[PDB]
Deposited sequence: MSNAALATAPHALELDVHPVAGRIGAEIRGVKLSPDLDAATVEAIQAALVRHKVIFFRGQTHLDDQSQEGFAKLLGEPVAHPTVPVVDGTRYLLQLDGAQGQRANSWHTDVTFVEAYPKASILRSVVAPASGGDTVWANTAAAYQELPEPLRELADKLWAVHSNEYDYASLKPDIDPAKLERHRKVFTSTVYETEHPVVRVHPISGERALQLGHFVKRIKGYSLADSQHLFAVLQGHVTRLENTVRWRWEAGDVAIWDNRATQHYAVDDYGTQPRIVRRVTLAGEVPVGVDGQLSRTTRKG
């Protein structure tokens, strides 16, 4: 099954046309959506005007287990992967624009698997050995996660990182600045300008995102379903572990 997929930026993001999202999508459509999500890291559906609160939730249950029963309304300008201070953080979110500012209000995502790939090989080999502590709860995650479906390595960082384990504070900051800098390099990101009825889904195992705060008092209301994720595995097979 080939969806009508239109890549947005060169290294991340794709709009999918010709699909009306709903709890009744057939199994091939869902699988092609999951494939497009792994490949493109964030995917977009425009004009989902029919998709009410109940129908977003039931569509979401097709893609994983949610963490109306699960639909949250949000009425975050710092780069982060979702809830990484816990051990088995979300694998994905499904996010629908309900009220969109006439100007401003964008969201940006970064492709943390492309960020990992572009490091020189000695620097990839360092990153493969690093562990960081993430805090709001404190959890230790490998800096490099091996994705459980695609096997792609991705950098696991963002603003919940409190420090890189086994380094002085100064060295931790330098190493984080280098690796996080590759994440948010413009070439690894896609920025989306929302219209009401847009839906984005991203793979939280291989992205970070950032909500641009440039819209002043213009109202902005989005509704989110989050899907439950797995314990990260590092390159040498070790798993993340909550410590506090």
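Enquirer: Go through the deposited sequence from residue 1 and tell me which stretches lack C-alpha coordinates, in order.
Expert: Model skips 1-12, 80-89, 98-103, 165-191, 300-301 of the deposited chain.
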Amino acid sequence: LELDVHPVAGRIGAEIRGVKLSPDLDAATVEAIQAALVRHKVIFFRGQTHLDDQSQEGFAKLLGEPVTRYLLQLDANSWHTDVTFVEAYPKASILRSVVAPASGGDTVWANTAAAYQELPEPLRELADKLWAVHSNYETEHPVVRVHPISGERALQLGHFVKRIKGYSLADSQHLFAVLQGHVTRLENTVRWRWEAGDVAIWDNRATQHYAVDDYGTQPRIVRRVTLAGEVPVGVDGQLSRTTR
From here on, numbers count along this sequence of modelled residues.
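Enquirer: Per the entry, where is the mean C-alpha temperature factor higher: 199-207 or 24-32?
Expert: Looking at the recorded C-alpha B-factors, 24-32 comes out higher on average.
Enquirer: Mean CA temperature factor from the deposited coordinates, higher in 85-93 or in 110-118?
Expert: The entry gives the higher C-alpha B-factor average to 85-93.
Enquirer: Whose C-alpha has the highest temperature factor in the PDB entry: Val144, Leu71, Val99, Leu123?
Expert: In this record, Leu71 carries the highest C-alpha B-factor of the candidates.
Enquirer: Relative to the other modelled residues of the same chain, rank the CA B-factor of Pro219 and answer lowest, middle or highest third.
Expert: Middle third - that is where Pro219 ends up once the chain's C-alpha B-factors are sorted.
Enquirer: Lowest, middle or highest third: where is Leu130 by C-alpha B factor in its chain?
Expert: CA B-factor rank for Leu130: middle third.
Enquirer: Taking the values exactly as deposited, rank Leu62 by C-alpha B-factor within its chain and report the matching third: lowest, middle or highest.
Expert: According to the entry, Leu62 has a C-alpha B-factor in the chain's middle third.
Enquirer: Sorting by Cα B-factor within the chain, modelled residues only, which third would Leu51 end up in: lowest, middle or highest?
Expert: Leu51: CA B-factor falls in the highest third of its chain.
Enquirer: Compare the C-alpha B factor of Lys165 with those of the other modelled residues in its chain, then answer lowest, middle or highest third.
Expert: Tercile = highest for this residue's CA B-factor.
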